[PDB]
Amino acid sequence: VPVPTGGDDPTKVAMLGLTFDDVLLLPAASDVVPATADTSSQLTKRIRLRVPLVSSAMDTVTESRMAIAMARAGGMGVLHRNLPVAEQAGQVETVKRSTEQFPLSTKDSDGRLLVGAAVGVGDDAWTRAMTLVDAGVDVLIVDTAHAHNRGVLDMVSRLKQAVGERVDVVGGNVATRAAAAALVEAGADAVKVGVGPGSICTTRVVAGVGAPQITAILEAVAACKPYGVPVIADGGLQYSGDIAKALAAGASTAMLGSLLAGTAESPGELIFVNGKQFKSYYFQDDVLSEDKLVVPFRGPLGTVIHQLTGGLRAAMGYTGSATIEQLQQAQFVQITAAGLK
Amino acid sequence: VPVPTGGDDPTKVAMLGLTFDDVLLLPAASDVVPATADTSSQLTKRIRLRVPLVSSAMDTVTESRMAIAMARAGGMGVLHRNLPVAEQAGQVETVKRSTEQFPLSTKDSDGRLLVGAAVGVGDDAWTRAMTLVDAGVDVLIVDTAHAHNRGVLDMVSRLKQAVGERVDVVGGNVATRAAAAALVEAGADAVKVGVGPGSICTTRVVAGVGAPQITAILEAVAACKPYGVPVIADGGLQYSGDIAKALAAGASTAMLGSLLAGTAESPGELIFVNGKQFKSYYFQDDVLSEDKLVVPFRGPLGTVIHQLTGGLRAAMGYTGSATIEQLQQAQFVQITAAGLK
Amino acid sequence: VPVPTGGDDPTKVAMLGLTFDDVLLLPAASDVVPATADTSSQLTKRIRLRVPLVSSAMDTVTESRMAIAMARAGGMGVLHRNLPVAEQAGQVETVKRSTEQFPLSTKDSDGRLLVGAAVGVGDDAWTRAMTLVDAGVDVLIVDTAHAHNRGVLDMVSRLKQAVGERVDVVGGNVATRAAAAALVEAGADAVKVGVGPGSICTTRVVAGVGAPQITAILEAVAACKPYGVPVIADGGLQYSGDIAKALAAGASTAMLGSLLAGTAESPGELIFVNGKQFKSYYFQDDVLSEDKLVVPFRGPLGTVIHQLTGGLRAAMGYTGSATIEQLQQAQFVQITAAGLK
Amino acid sequence: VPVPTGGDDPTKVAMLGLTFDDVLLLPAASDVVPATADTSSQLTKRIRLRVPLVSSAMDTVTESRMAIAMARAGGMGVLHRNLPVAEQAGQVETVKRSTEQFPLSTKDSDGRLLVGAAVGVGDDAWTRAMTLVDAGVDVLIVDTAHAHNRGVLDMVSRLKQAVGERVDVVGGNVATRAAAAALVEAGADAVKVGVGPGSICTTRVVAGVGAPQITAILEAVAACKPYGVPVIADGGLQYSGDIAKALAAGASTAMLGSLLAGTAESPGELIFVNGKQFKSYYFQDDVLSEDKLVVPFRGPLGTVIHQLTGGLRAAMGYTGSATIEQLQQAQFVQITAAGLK
Amino acid sequence: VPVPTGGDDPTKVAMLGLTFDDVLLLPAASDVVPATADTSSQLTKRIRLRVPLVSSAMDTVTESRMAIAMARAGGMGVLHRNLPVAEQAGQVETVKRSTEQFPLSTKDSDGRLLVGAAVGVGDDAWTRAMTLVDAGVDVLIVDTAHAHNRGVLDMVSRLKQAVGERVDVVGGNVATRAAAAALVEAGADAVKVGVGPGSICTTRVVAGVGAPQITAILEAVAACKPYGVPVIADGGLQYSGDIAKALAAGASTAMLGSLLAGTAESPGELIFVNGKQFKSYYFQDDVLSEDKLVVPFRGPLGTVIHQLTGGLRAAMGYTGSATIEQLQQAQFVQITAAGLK
C-alpha cells in the first residue's frame, strides 16, 4: 500500500523527468550523408522553414537587424515586446521592407521576409496585436510565462477568430500534456514548450516550479501530434546536440535564445572593456515572468547557424534520418550519472 | 498508459546504458594465481593473440615502429590510413621486413610479424585495399565512424569474397545489436564496437549521438557470439580495470588508442617545452568522423603494456578465470552514484 | 685609481642607461592648447609626416592594407621583407595605386600614397631593392638587427649612390653614437635606433646584449643632429607617454610595432577561439635577428592612432611645445625606484 | 663633455626626483609630548587653520555636507566646480548659513564657517567667480591641471585686482620653482603644488608628464618662502606619515582627496553590494584634466581626521617640533629600494 | 669627513657590487658572423678548450658519464670528491679509458680525454690527490668554500711542488683581489671565482657573506691578468647571456653547475613521479660550505651545450669579437631598476 517514495497517493510524484543530459541518440541504419540531409521543418501549420531555428523574442536577442539576419539564414526572428507599440510596429516594417547571397531566405508570396512578434495579455495587448497585424506581421506569439491560464486561452481564441486568415497564432509556454491540449483546443497553430527548463533557472530556485525539457516535449507532442500542431522546443538548449535531441523528441522547431544573445546582429553597442569585447545597453506586465521574481561578444550569426546546422546534419546522418519528420522517430538511450563526468 | 519518462511509446527510450564506471567485477570461486593466467584471446576467427591489446589505427598512435613494438609485445598494431597509399604499403612492408627477447611475438606461417591496415569506403578505398593486400598485409579494417551504412557492408562483402583466403576483414564501429548482426551477415571476421563511447566525446556534445560502452558490448555480443565472431572493444578505456570489464562483458580484444598516443613508439619527435617533454609533428575523408565536427610524453610502451597485463591478470585471479573465454562469463555488480565520488 | 664597481679600468662600465620608465617630462611655461599643436615631423631629410608614427615592417604588422591605413592616418607604413621579391613589389604597387575622409594623407607630388619597404644585405637584397625601386617605392629600409657591420654600411652607400635622388635610404638599428655617425657618413637619410630595448627582450636573455632606449636615442641624436639626419626610435614603446618621451629625447619619429600587431588592418583572418578573438595565418636570412636566438585582437587602427596622438598632444600642451622641434628641447626628471611601485 | 646618462647636455635630465617613499623623517632633540603639539598652520597669508587639511574639490569628494564637516573638524573644504554656477553658489550659501562639540571650528569675522570654491579659466569662469564672491565665499581656487599657462596667471591677476580685499586667491597646480615664482609674481596668496604625483597617475602613463612630490614641494617652497606665500601639497598622500613628510618639506597645508573620498560626508548614497558597502552617484573645460585622457565606504570623517592628526602629532613629537613652523625645518634621510620590500 | 652612508670611516663600505642583472653588453663595430666565431679559450695556462664550459664537480652534476659527455662536447668535466678515494680514482680511470661523431673532444698528448678531479684540505686530501695523479687525472681542484685561508695556500703550494709538471693545480673560490693575488703567488694555474654568488644563496642569508659576481670577476681579473693566470667564473649563471657577460668581464671559462644538474648524463636514475620526469638519488669536511650552514629532467646535454654556444656566438657577433680574448675587452652598460620589470 505505501508508496516507495512516501505517502499513500501514488500520483503525488507524477513522473520521472528527463533533461537533455539524460539521453543520447542511438545510431540506426543510415543511407544519408550530412551534406544532403533536408533540415526543413514546419514552424506552424502553414509555414515551413529551411532551418528549424527561431530567435527567442528577448530584448537582448531579437530586434529588426537580428530578425532580418535570422530570416535570411533560413529560420525566423520573433521581435520582442519590451517596447512601445509604435516602436515594435516600426521594427516589423523595417524587417518587412527588404539573391545568390541568401538563397535560403524564408519569404511569403509577395517575396518579403517573414517575421513574428510577441504580444502579451490584455486590452493593450489586443491593440498592440492589431497594430502589428496591420503593420504586416506574419506570426503572433502570445508570450506568457504560464499559458495554462484562462486569460491566455481566451486571447489566443480571440486572435485566431479575428485575424486568423491573415496571421498565425502560437500559444505560450506550457510543459504538460493537458496544457498543450488546452492550447490546441483554443485554436493555436503552434505550441511553445518549456517552463523553467534550465538546471538552475530562477523559476526553479525562487518558485520551486519547473519541468525537465525532454519529458515536457514528449508530453506536449503526445497531445499536439494527432492534430497536426507543431511543437516548438524553447529554453534549456546549450549545444547542437541538444537541438538534435529536442527535434528527435518530437519538436518541430527550436527557439535558440542564449546562443544568439551575444552575436553581432543582436541588439546593443559594441565596446571594449579590459581588452575584451562586450555589448552594452514598464511593458513587462507578466506577473509570473522570471524578472518579476528576482553581454560578451560571440561573433557573426552566420558561423553560429552554420555550426548548429552542421551538428544537426551529423545527428541526422548518424540516425539515418533524411528529413526532420524521420528524425522525430529516432530512439533514445538513457545514461546514468557516470556518463556525465 | 503513460510512460514514467513521458510520452506514450514505451520504446522511445530504448534502454538504460551502462558505462565502465557503473559496473564492477564480482569476486568468485578462484583457484588461479595471476602469474599462470592464460591471457590468450581471439582477434579474428583465424587469428589468436597472446596479449589481447591492439593499437587503434590513429595517426598519432600507430606507424611501422608502433606496429612492430605491439606485435613483439604479444598483440598487434593496425596502421592508420591518413597517408598516401604508397606510404601505407611501404609501412606494411617495413613491418613485414623484420627470440629470447620477444618470445610472445605474433607471427604468420612464415614467421613474419603480423600487421593490420585500415581502409575506407569507395573505389579509392578498393585500390588502397588491393595495394595493401599485395604488400602482404594480414588484417584489413574497414574503419568507419558509423558502420551500419549499406556501402560499408557492400565494401566488407566485396573484400571478404575477393581476398577471403588471403586476409581477414573486420567491420567498422557499431553500437547496437542490429548493426553487429548486419556486419556478421556481411561476412566480417570480427566486429569493432563503439560510437562516442567517451563521457565528453565530441560526438555526444555536437551531434548528440552516443552509446555507453558496456551496454553496446553486451548488445553486439548478443549478436556475434552465436556465430563465433570475435568482438573488439574500441574507445572509452582509461585503466586496466576498464580493459578487464570490457573483456568480461563479452569482448575478445581491447583496442587501446589514447593509452599509447604519448608513448615513445608512437609517431612524433620528442622535444622539451617549459621543462616537460612533448611530441611534435586529403585522406581523412570520413563524412561522420569526429574531425569533421570539431601530445605529451608517456614513456616506453613496455611498461604500459606490462601494467595493463598485470591488471588483467589480477582481475582474472579475482574472478577465478583461467582463460579469457572464462573471464567472459564473469558477473557484474552495479554501483550507484555515491560509489563514484 | 680603483673603480668603485671593480677593476682598474674606469671605462669598463661605459655609462648608466635610462629607459622609458626612468624619466618623466617636466612641465614648463606653456601657451599651447593640445588641440592646436602641430605634430608634424621629419621622417627623413626630405619627407615630412603629419603624424610621427611609422609601422615596424614586421610580418605580422604591415602589409598593403596596413600600409594604406597608415598612410591615410597621417603616417607611413613599411612593408615587411619576409616575402618573395615579386610579392613585395606587388604589395608596393598595390599601395601606390590608389578627400574629407583622409585630409591627413601622406602623398607625393603625384597624389599617390607613400610606402616603404625593408631590404636585407647581399646580391639577393640588391636585386630586391632594385625591383622595389622599379615598382615606385619611396623609402628603402635596410632592416638589420645590427647596423654597425661593414656590409650594412656598404649596402647603404651603394643604394644612396644608385637611387639616391629617387628614393630615401634608411640605416638599420643602432644603439651608440659611433654607429650613428658611421651610418650618417655612409649616406643614410635617416637613422633607426634600438637594439634589445625591451626589459625582457630575447637579445638580453640569450645574447646578453642590449641598450636602454632613452640613452640610445640621446647618444644617436648627439651624432645625427649636427647633420640634420632624423632619428627613428624603434622598439620599447608601450604607451603614448613612451612616444612623448622618445620624441622629447631627440627622435623625430617613433616606430610602433607591437602596438599594431593585433589591430584590424594587420594581416591575418579574424577568428574565434575559446570565446576570444585571435588572428590566423627562407627569407629570414638575418644572422643576428631575434628569431635565430629563440596574435590576439586589438580593434581598429583609427582608435589606436587617436589615443596615441591625444597622448602626444597632451604632452605637448604640458611642456609648452607648439611643434615637435620644440618638444625635442624639453627636459627630463629622473625618478627613483619608489616611483614605479 | 659626455654626460653619464647620454648626450652632451648635462641639463637634459634636470634633476633627480624624490617621492614620499624615498625619504623618512630623522629623529632629533625633542621635549614635546604629542598631546601638546600645535598643529595650526597658515592656509593663506590671511587665513590660519587649526588642522592643516583641505578637501580636494572633486565631484566625488567635496560638497556642502563635506565642506561643513571639514570646517567643523578644524580644516576647510573646497567646493568642486562640476556644477552650474547657481548650484555652487547655493552650496556656498548653505555652508555659510550655519560649542563644546566642535572647539576647533574655523570661522570668519562674522562667526560663520569658512568655505572655498574652485573656478576654471575663461569668461564663464569669471562670471562664476563673481557669483560665488557674491555668495559669500572666502577662498577662490583657480583649479587647473597646469598653472604655468599665461591665461591662468592673467585670471589670477584679474581676480586679485577685483576681489583682493575680500577673498583670497590660490594659484593652480605647479611642479617647478619657475611656475611658483610666476604665480607669486601674478599676486597669488597661496600656491598649490603637484602635477601627476601618483605612481600610476594617468598623466604619467598617457602624457609622460609628471614630477615627484617631495622634490616639487621643495622647489616650490624655495620660491614661495622668501615672499611669505604658503604652499599646499595636493595628491600622492596615502597615510599620515605622507602628510607629515609633505609638511616637513616646507608645505603649510595638505590636500587629502582620496583619503576623504570614502567617508560618509562625501557625496553618494551608501548601499550594500556583494557583502561590502559602496557609494552610488559641459563645465569640464580644463584642457589638460585627467578625464580628457582616460566608491567604497570608510566611515565618519571625524575618526579619519583624528587618525591623521594623531600621526602628525606623533611625527612632531619624534622630530621635536613644537609648531608646524618648526616641523618645516626637519631633516630627511633617503632610503634605498631595499627598505621598501 | 662624515660618510654619506654613516660613520667616519670611508672604507667601511668597500665598493658597490654589480651582479649579472645589472649590466648589459654594448653593441660595437662588428665584422664577425656567429657561425665563424672562435669560442676557444684557456682553461689553465697549459690547457685550451674549444668550448669554455666546465661542470661544477658536484655530486649531482659530474660523474664519469657526465665527464665523458662534457669532454666530447669540447669542454671538460671535473669529478666530485664526495666519494671514497678508490671510487673517485676508478671513475677517473673510466673517463681516461676511452671520430667524426665528436670532432671537438678535448684530448691530451696521447689522444685520451681530459678529466678533472676536486680535492679538499688535509692529509686525506693529500693521499686522495696522490691517488688521482697516479690514476692519470689532468687537473686538480682545491675545492674550498673560502680559499684565502693559509691551509688552502699551503695545499696548493705542496701540489704545485710535487706534481707541477704532470698536472695543473687550480685554487678554490675567491671573491677579492687580495685572495686572487695570494693564490697566484701560491702557484695556481687558474683561479676559481665566487663566494655566495646566488641572489638568495644560503651563504648570504645564514652567514651574511657574499660578493656580486661581476665585481668579483673584475677584481680577480685585475690581479690574475698581468701574470697570465686564467679566471674561472663559478656560480650565478642562469642563461647564456650570463655566460657571455662573465666572459666579457675578464673570465676565461665558466663553470656551469645547476644548468647541467638535470640533464641525461648527470647522476641519478630517471623515473616518473605524478606523470612528471625526475631523477633519483663523512667526506664533506668543508666547515664553511653551504652544507654545514643549512631533480627535474632537462634532456640531453648536447642541446644544452648547443644553445649556450649559440648564445655565446650571438654575443660575440654583436660585440664584434672574433675570439674570446677580444670578447674580454667588451664594455658594459649599467641598467637601473626599471630594466628588470
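Annotations
A, B, C, D and E label the chains in the order they appear, each numbered from 1.
In the analysis below, contacts are C-beta pairs under 8 Å (C-beta built on N, C-alpha and C of every residue); 3 or more make two chains touch, one makes a residue touch a chain.
Think of it this way: of A-C, C-D or B-E, only one pair shares over half of the C-E contact pairs by residue number, and it is C-D.
In terms of Cα centroid distance from the overall Cα mean, chain C ranks first. Centroid to centroid, with C-alpha atoms defining each point, chain A and chain E lie 74 Å apart.
For the pair chain D and chain E, the distance between mean C-alpha positions equals 59 Å.
Chain A and chain B, compared by their mean Cα positions, are separated by 41 Å. Residue positions of chain B with contacts to 2 or more other chains are absent. Every pair of chains meeting the contact definition is listed here: A-B, A-C, B-E, C-D, C-E.
Those residues of chain E that touch chain B in the shared complex are 272, 276-277, 296-299, 303. Residues 15-18, 23-31, 33-35, 214-219, 221-222, 239-245, 248, 250, 310-311, 314-315, 317-320, 331-341 of chain C touch chain D in their complex.
Chain C contributes residues 4-8, 11-19, 21-22, 146, 148-150, 174-176, 178-179, 182, 195-196, 199, 203-212, 215, 287-288, 292-293, 337, 340 to its touches with chain E in the complex.
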